[PDB]
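Report on the structure given below.
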Amino acid sequence: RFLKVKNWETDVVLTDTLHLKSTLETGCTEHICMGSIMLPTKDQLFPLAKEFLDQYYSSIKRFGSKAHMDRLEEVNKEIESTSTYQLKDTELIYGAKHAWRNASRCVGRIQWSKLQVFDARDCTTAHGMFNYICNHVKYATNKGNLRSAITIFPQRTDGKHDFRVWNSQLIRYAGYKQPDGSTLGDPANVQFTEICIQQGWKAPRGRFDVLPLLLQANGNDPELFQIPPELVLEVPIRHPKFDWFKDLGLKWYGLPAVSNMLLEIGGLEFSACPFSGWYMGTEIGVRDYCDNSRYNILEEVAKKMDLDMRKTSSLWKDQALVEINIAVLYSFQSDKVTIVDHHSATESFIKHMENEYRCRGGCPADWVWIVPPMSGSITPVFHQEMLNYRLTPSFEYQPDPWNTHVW
Amino acid sequence: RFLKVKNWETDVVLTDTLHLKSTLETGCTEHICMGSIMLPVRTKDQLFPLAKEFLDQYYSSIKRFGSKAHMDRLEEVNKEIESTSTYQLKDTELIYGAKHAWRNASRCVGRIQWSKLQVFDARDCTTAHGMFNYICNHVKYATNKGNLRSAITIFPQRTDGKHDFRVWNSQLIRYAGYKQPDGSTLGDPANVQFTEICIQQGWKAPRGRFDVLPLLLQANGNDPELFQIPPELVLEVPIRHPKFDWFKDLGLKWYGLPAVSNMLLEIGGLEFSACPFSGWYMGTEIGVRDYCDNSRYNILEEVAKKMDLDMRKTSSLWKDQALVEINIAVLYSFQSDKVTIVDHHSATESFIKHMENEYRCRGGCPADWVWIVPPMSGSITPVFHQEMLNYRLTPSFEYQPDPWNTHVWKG
Ligand code: HEM
Ligand code: HEM
Ligand SMILES: N=C(Nc1cccc(CCc2cccc(NC(=N)c3cccs3)c2)c1)c1cccs1
Ligand SMILES: N=C(Nc1cccc(CCc2cccc(NC(=N)c3cccs3)c2)c1)c1cccs1
Ligand SMILES: C[C@H](O)[C@H](O)[C@H]1CNc2nc(N)[nH]c(=O)c2N1
Ligand SMILES: C[C@H](O)[C@H](O)[C@H]1CNc2nc(N)[nH]c(=O)c2N1
Ligand SMILES: [Zn+2]
């Protein structure tokens with residue numbers, strides 16, 4: 001009932017009570033743990049609404065005040081009538097920040113309360129979504145000094161009128177397979193990269209071609225738009241010692257901006273809610289470059305380093321991996337674009353876990369995702385027991401829209 | 001019910017049915033995951049069922065399910081239980097049981113090797129001296145002059161819980177740790193407490209950085225006794241680096257034989273509380289954890305200074321660079337002395353193949369991602385992108401409390 005979590009490096013023991021407010025399900029059972037699986041009516045809505053409003057008013061110390069009871073009634077009225085309701089701005093801001101605060105997979109949550117929220121609930125067309133996205137991008141980029149933000153498009157009504165950003169992130173690199181049979185640019189996007197052409201895009205057939213945005217307003221077919229290059233900050237990747245590094249030709253964008261998730265506040269579903277902050281370096285250096293099914297440049301970097309690539313036990317992959325990541329961090333820092341290393345991000349997150357244990361009685365956290373993909377055991381999160389549970393408001397996955405849209 | 005796991009690097013999907021044979025609890029529920037939590041006397045009552053499940057498994061494996069031999073064994077074990085409140089395993093049953101505990105160990109990356117396990121039956125042992133002899137023969141056989149072979153030695157089972165066999169050591173071979181007055185630590189900080197107990201029981205500590213601890217052995221619920229392992233039995237490897245000649249001057253060495261001596265082996269409801277087992281090291285267990293954990297030898301700073309890395313900013317990744325070098329050194333040193341060791345790329349690759357094999361022939365492989373993924377270079381090894389199902393099958397290896405916490409001293 002009152003669960004404990006221990007840090008094995010520091011012996012620090014925290015006590016979790018916040019999980020008892022857990023609402024949704026994890027996929028795990030008494031018999032089976034699924035911690036490593038990527039994805040395991042008017043009736044429904046009022047409980048959900050009341051729950052959320054209860055935590056709102058408690059957060060502003062007006063639980064059981066007149067306004068609270070008045071609101072619960074106003075929303076109760078609005079639901080019994082319209083079959084949905086609308087959030088006040090203040091509630092929207094609290095909801096979004098809290099969906100980030102509750103993302104158990106995010107190592108970056110020490111920053112949860114400094115989130116800029118752009119209310120795009122008055123938007124009606126793809127051109128309009130495009131304007132809102134551009135302003136989001138520009139605000140967030142801030143000439144390199146990145147600022148967290150989210151833009152919230154209109155809430156789903158009856159599932160026929162959905163706003164969706166078809167891009168999985170706002171800013172990503174094109175991928176094309178060749179007759180040769182291998183891959184140019186980023187293989188993650190091959191499919192999307194073809195949809196875009198399959199709808200109209202004139203691909204500059206290249207390696208790092210920023211993809212066009214593909215936007216669907218109010219359930220309608222979606223439309224192509226190029227984000228103005230001037231708005232897409234990029235960083236040429238070079239090493240502080242290896243001059244040949246530059247000649248690998250590598251660059252990356254500074255703004256990670258997730259665009260395919262669904263935000264749930266008080267039972268209301270926001271299917272287009274792109275959000276952005278900034279990178280931890282290993283997301284680019286370990287996952288984007290070195291994954292077998294991504295840019296997969298380890299072989300190439302290893303060779304230029306003249307390492308003994310003959311036997312796994314020379315650890316040539318690991319050597320190359322570290323230099324690549326030093327390179328990415330060096331570049332971003334040199335160009336004054338915000339970025340965080342994994343040692344610093346994990347130290348931050350331990351600090352935040354501690355803050356959330358005392359101020360709030362816990363912090364849902366998913367170890368499988370919080371431990372970085374390199375140097376795990378020399379970062380402090382490795383030695384930290386964590387409890388994973390689902391609280392609301394939350395961000396959730398949702399099916400790729402091309403599997404669902406009728407034309 | 002069938003459950004699927006996918007690999008995201010290769011799109012290979014597998015189907016689990018074995019999880020249906022599971023019964024023990026995970027720690028998790030529908031509302032909470034405890035997947036990253038380190039640790040989430042029986043009556044006739046519960047013993048009968050547990051012995052029957054075990055025997056049904058045993059006789060299916062040998063293709064004799066429902067034979068007269070099966071049925072008589074059941075009847076024999078049942079009489080023995082209601083007669084004496086316990087039973088004895090046949091040799092063949094013990095062998096199968098020990099191997100399957102290994103096979104069912106969801107946190108073990110080395111399981112491709114499960115069927116080649118040498119089992120020593122030490123169930124006639126009655127004293128600590130006899131335990132010392134068995135452990136010595138285990139160590140020498142396992143070591144095999146550097147060409148390591150997996151083995152386990154199984155001492156008598158628990159009876160009333162007042163006559164337990166225990167090895168108080170956490171592993172058969174480990175270095176002492178000594179808390180110095182100035183706050184620092186000499187040798188391995190993980191072993192300070194155990195080192196104090198030993199000293200208290202009368203061990204004269206040489207008080208250097210790599211002193212092999214004595215064995216501390218309890219037979220039959222007696223107070224345990226000290227024994228020094230013969231040093232000619234303890235294979236050690238000096239740690240050098242193939243390019244950095246200053247590495248050897250750091251003074252590092254490590255032992256070759258990892259042999260865990262503090263787990264509890266559960267077979268058909270019986271509890272073997274002393275069951276030391278041994279295999280061979282994955283390099284990262286020495287190079288990442290043993291040397292570079294902050295709560296262990298923690299040589300990272302010293303190695304970084306000698307490499308003259310930029311240590312002013314973590315974003316230099318100076319910790320990450322030094323860590324790869326220390327692990328290169330460890331693998332180089334072991335290979336050069338022809339002492340079996342496996343790197344994490346090779347171990348994890350082998351495990352993915354074991355795992356697919358186990359899905360095909362067995363219907364599953366319970367696996368604990370948190371422990372299988374290596375503590376460096378996680379995502380450039382194939383297990384990182386492997387979805388895994390974790391559940392508890394028996395026979396199994398279980399944790400058990402430290403004996404200094406539970407023991408009734410006699411004096
Ligand atoms: C401010 C800097 C931020 C840093 C450095 C950061 C870092 C991270 C990292 C490293 C991951 C794992 C990502 C992966 O491997 O794909 C992650 C996941 C996540 N982050 Fe944060 N984050 C930040 C801001 C935010 C913001 C502003 C939001 C929401 C408003 C957010 C919501 C999430 C969610 C929902 C996931 C998991 C999504 C999934 O399950 O795939 N993050 N973040
Ligand atoms: C043959 C070579 C072997 C290799 C390379 C191997 C590798 C590993 C590694 C790397 C771990 C994680 C250890 C840690 O993080 O501290 C592990 C855990 C484990 N292994 Fe294996 N292993 C091997 C043989 C065996 C044998 C022979 C047994 C038993 C007969 C076994 C039973 C286990 C158990 C029970 C754990 C988990 C311990 C715990 O939960 O604390 N291993 N093994
Ligand atoms: N189920 C999947 N999920 C999936 C696939 C790719 C990426 C992601 C998550 C991307 C993500 C989400 C949130 C944060 C980050 N990284 C960041 N630093 C931020 C992005 C926005 C604010 S911070 C990346 C999730 C798939 C795997 C393979 C095909 S689909
Ligand atoms: N709960 C703990 N248990 C614990 C503590 C230290 C080590 C271990 C596991 C030791 C182990 C177990 C099984 C295999 C291995 N490594 C091997 N290569 C083998 C050892 C024996 C056969 S193979 C190591 C478990 C702690 C963690 C940190 C501090 S206490
Ligand atoms: C199968 C496995 O769960 C999958 O590889 C996960 C592991 N941990 C991860 N962790 C993060 N941060 N991001 C990821 O994409 C993944 N992938
Ligand atoms: C809290 C967490 O479970 C703990 O640090 C685990 C993580 N993964 C591990 N994995 C292995 N192989 N060995 C370990 O000791 C640990 N420690
Ligand atoms: Zn779980």
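Order of the sequence lines sets the chain letters (A, B, ...), proteins ahead of strands, with each chain counted from 1. Side chains are part of it too, since the values below use all heavy atoms of this structure and drop only hydrogens, waters and symmetry mates. When a ligand or atom number is given, it counts from 1 through the structure's own listing order.
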### Summary
of all protein heavy atoms, closest to atom 8 (C) of ligand 3 is A:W369 CH2, 4.8 Å

### Query
For B:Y141, is the NZ or CZ atom of B:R149 found under 6.0 angstrom from the centre of its six-membered ring and inside 45 degrees of the ring axis?
yes

### Aromatic ring proximity A:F395/A:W100, centre distance under 6.0 Å
no

### Under-4.0 Å heavy-atom contact with ligand 3, by part of B:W8 that carries it
side chain

### Message
Suppose I only count heavy atoms of B:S278 and a 4.0 Å limit; which atoms of ligand 2 are within that range?
### Response
27 (C)

#### Entry: Heavy-atom nearest neighbour in the protein, as seen from atom 1 (N) of ligand 3, with distance rounded to 0.1 Å
A:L39 CD2, 3.5 Å

### Message
Please state which option from B:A101, B:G283, B:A105 has its nearest heavy atom closest to atom 34 (C) of ligand 2.
### Response
B:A105

### Identity of the nearest option to atom 3 (N) of ligand 3, non-hydrogen atoms only, from A:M38, A:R105, B:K6
A:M38

### Task
Could you tell me whether B:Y175 and B:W254 have their ring centroids closer than 6.0 angstrom?
yes

### Of the listed options A:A345, A:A103, A:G277, closest to atom 23 (S) of ligand 3 (non-hydrogen atoms)
A:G277

### Query
Is atom 19 (C) of ligand 2 less than 4.0 angstrom from some protein heavy atom?
yes

### Query
Which part of B:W280 is near ligand 2, with near meaning a heavy atom under 4.0 Å away: side chain, backbone, both or neither?
both

### Message
Between A:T26 (side chain only) and B:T29 (backbone N and O only), is there a donor and an acceptor less than 3.5 Å apart?
### Response
yes

### Query
Does A:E283 approach ligand 3 within less than 4.0 angstrom via side chain, backbone, both or neither, non-hydrogen atoms only?
side chain

### Message
Is B:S150 close enough to touch ligand 2? Criterion: a residue heavy atom under 4.0 Å from a ligand atom.
### Response
yes

### Message
Any nitrogen or oxygen of B:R289, side chain or backbone, less than 3.5 Å from one on ligand 2?
### Response
no

### Query
Among protein heavy atoms, which sits nearest to atom 42 (N) of ligand 2, and what does the distance come to when rounded to 0.1 Å?
B:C108 SG, 3.2 Å

### Message
A side-chain contact here means heavy atoms from C-beta on lying under 4.5 Å apart; do A:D16 and B:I32 qualify?
### Response
no

### Query
Looking at ligand 2, does B:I152 have a heavy atom less than 4.0 Å from it?
no

## Note on the structure
Going by the 4.0 angstrom heavy-atom rule, the piece of A:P256 near ligand 3 is both

### Query
Considering only the protein, which heavy-atom contact is closest to atom 13 (C) of ligand 3, and what is its distance?
A:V258 CG2, 3.3 Å

### Task
Please indicate, with yes or no, if any protein heavy atom is found under 4.0 Å from atom 5 (C) of ligand 3?
no

### Summary
For B:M263, the ligand 2 atoms with a heavy-atom partner under 4.0 Å come out as 35 (C)

### Query
Does B:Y399 come within less than 4.0 angstrom of ligand 2, counting non-hydrogen atoms of the residue?
yes

## Note on the structure
SG (A:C33) to the Zn ion (ligand 7) to SG (B:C33), nearest 10°, is 100°

### Message
As a check for students: among B:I341, B:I372, B:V342, B:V109, identify the option with a heavy atom nearest to atom 8 (C) of ligand 2.
### Response
B:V109

